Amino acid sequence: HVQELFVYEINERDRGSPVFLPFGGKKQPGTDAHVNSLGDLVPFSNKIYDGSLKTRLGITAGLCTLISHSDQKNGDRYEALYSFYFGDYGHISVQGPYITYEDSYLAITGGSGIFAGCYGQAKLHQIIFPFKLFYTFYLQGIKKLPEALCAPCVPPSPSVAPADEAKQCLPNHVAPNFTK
């Protein structure tokens, strides 16, 4: 069956991320300003927390390929490949659409550890692009998730933040060997 796993992803401005590479080369008439376009590439890596926001789990890491810019929607479509690292729990890998202005569903391409053999889809919700994102992994194919990953979930909103003890990576507020 499906097990839902909720994850908060936060850019805390402390990992030199993201790196925007303007390889699409598109320029705005009259100003010659860069215009986001197919081919711009964006390596990134943020921090992740559990749904209760009380536990630092690890990081995301991967690469987004910019596909198109929408002036009307004021944002961009990307094609993304990245992983979520949960310390000793293992990792989940995803592939698919990352849209700056709306929610999307990514493929869960697999994982390791407690996630070995996982499959299904994951909902990406932009809370406040690009600093705060919320995921619902609809995980299939694995054993029952540990209770630590299934605490009551904080409902997402732009003001949400990790607990101080999770931001500080203190005991009781980190995944085992959480990914740094």
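Note that residue numbering begins at 1 and tracks the sequence as displayed.
(request) Would you determine, from the values in the PDB entry, which of 66-74 and 134-142 has the greater average C-alpha temperature factor? (result) Per the PDB entry, the higher value belongs to 66-74.
(message) Comparing average C-alpha B factors as deposited, tell me which of 100-108 and 86-94 sits higher.
(response) Taking the mean B-factor of the alpha carbons in each, 100-108 is higher.
(request) Would you mind finding, among 53, 48, 42, 148, the residue with the largest C-alpha temperature factor in the entry? (result) Most elevated C-alpha B-factor of the set, per the entry: 148.
(request) Specify which of 166, 19, 10, 160 carries the largest Cα B factor in the deposited PDB entry. (result) The record points to 160.
(request) State the tercile, meaning the lowest, middle or highest third, of residue 60 with respect to the CA B-factors recorded for its chain. (result) For residue 60, the deposited C-alpha B-factor lands in the lowest third.
(request) Give the position of residue 124 by CA B-factor within its chain, expressed as the lowest, middle or highest third. (result) Lowest third, going by the recorded CA B-factors of the chain.
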